[PDB]
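What follows is one chain in structure tokens, specifically the form deposited in one PDB entry.
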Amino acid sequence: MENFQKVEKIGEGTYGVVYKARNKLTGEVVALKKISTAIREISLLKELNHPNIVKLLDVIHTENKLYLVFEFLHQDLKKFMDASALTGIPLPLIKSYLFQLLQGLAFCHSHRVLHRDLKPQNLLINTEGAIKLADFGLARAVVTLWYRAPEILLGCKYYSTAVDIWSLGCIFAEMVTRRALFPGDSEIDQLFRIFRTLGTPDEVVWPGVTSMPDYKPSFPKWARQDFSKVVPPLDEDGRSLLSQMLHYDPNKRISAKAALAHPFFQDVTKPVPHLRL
């Protein structure tokens, strides 16, 4: 856009290209995403400001096009995990990232705003130890299924803030194990990977599940596995929190606020990562 010089293509998300760009009236370096209800929704997001949410600087509807101007961060968690693959992210850094993302979510959720599409590529990091949620509230306004809550996969139309806790729990496990927890390549393959690990859900563990739109009585019935086998060598506190974040019933699943009081975070700190830019 006339005021912005494109520097580099950062990504080609579901919603449009994202470029690193430089503003000319200010010299600021930004991320520029090229995309009336959508405009009004998007405008609401300009006010949803928190230190763990990527700042939306400006929303330009010009030439009948939509550009979102975000603060720029230098690395995403996907690339940081790929870079830490041989050693693993240190637990204290895992714990700090998790706590910070929970603070982000607790904030958004308290305003009834859901992310809906959390994934390592949408979690951005800086040199100061911060992690932030990117593309927040845009879903309202190949796609990876790996982080999708089971209520979404079973066709619930009116899903809740719990869907974000599910996604962050999947990311948490991935930080710890250095492998995606549920790497499905179709909706049914995503659902069956979840069932193979957590057991096929039923009315005992999830009241009303059998009435969900895409629920089928013919689903194979797998027994649950042990978290000690899912995320070794995470400690008992981490495994307890993880289990609560991956409850099938969205109403039993831990909230962001309650997760912040979990004993896992008794000793949380804010380390600085080793970042090569």
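Just so we're on the same page, rigid core means the largest C-alpha set that superposes within 1.5 Å between forms. Just count from 1 along the sequence shown to find any residue number.
Same protein, other form: the form deposited with a small molecule bound, not shown, and the subject of what follows.
Asker: What is the one choice in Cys108, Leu93, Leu154, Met175 with a heavy atom within 4.5 Å of the small molecule in the entry with it bound?
Answerer: Among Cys108, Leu93, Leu154, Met175, a heavy atom within 4.5 Å of the small molecule in the entry with it bound occurs only for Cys108.
Asker: Within a 4.5 Å heavy atom cut-off, is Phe70 in contact with the small molecule in the entry with it bound?
Answerer: Because a heavy atom of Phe70 falls inside 4.5 Å of the small molecule in the entry with it bound, the answer is yes.
Asker: Please determine whether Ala139 contacts the small molecule in the entry with it bound, using a 4.5 Å cut-off between heavy atoms.
Answerer: Within the cut-off, so yes.
Asker: Give a yes/no on whether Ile53 approaches the small molecule to within 4.5 Å in the entry with it bound, heavy atoms considered.
Answerer: It does: once the small molecule is placed as it appears in the entry with it bound, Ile53 has a heavy atom within 4.5 Å of it.
Asker: Indicate whether the small molecule has at least one heavy atom within 4.5 Å of a heavy atom of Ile35 in the entry with it bound.
Answerer: Answer yes; at least one heavy atom of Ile35 falls within 4.5 Å of the small molecule in the entry with it bound.
Asker: When the small molecule is placed as it is in the entry with it bound, which of 184-192, 167-175, 131-139, 95-103 ends up with heavy atoms within 4.5 Å of it?
Answerer: Among the listed stretches, the partner-contacting one is 131-139.
Asker: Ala149, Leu241 and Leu260 - do all three of these have some heavy atom no more than 4.5 Å from the small molecule in the entry with it bound?
Answerer: Contact check failed for every one of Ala149, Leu241 and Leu260.
Asker: With the core superposed, find the residue in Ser211, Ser228, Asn251, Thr62 that moves its CA 2 Å or more between the shown form and the other one.
Answerer: Only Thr62 moves by 2 Å or more at its C-alpha.
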